[PDB]
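Trainee: Below is a structure I'd like to ask you about.
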Amino acid sequence: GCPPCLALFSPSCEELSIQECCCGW
């Protein structure tokens, strides 16, 4: 799993998971 970053606290992730917004593959 990709460790959650304190960068995702914004509607820009579209309510994704941490690994999906902070670890896009």
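Labels for the structure tokens follow display order: chains A, B, ..., residues from 1 in each chain, ligands from 1.
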What lies within 10 Å of residue 23 (chain A) using only C-alpha atoms, ignoring chain neighbours under 3 positions off, as a list in words?
Mentor: residues 1, 2, 3, 4, 5, 17, 18, 19 and 20 of chain A
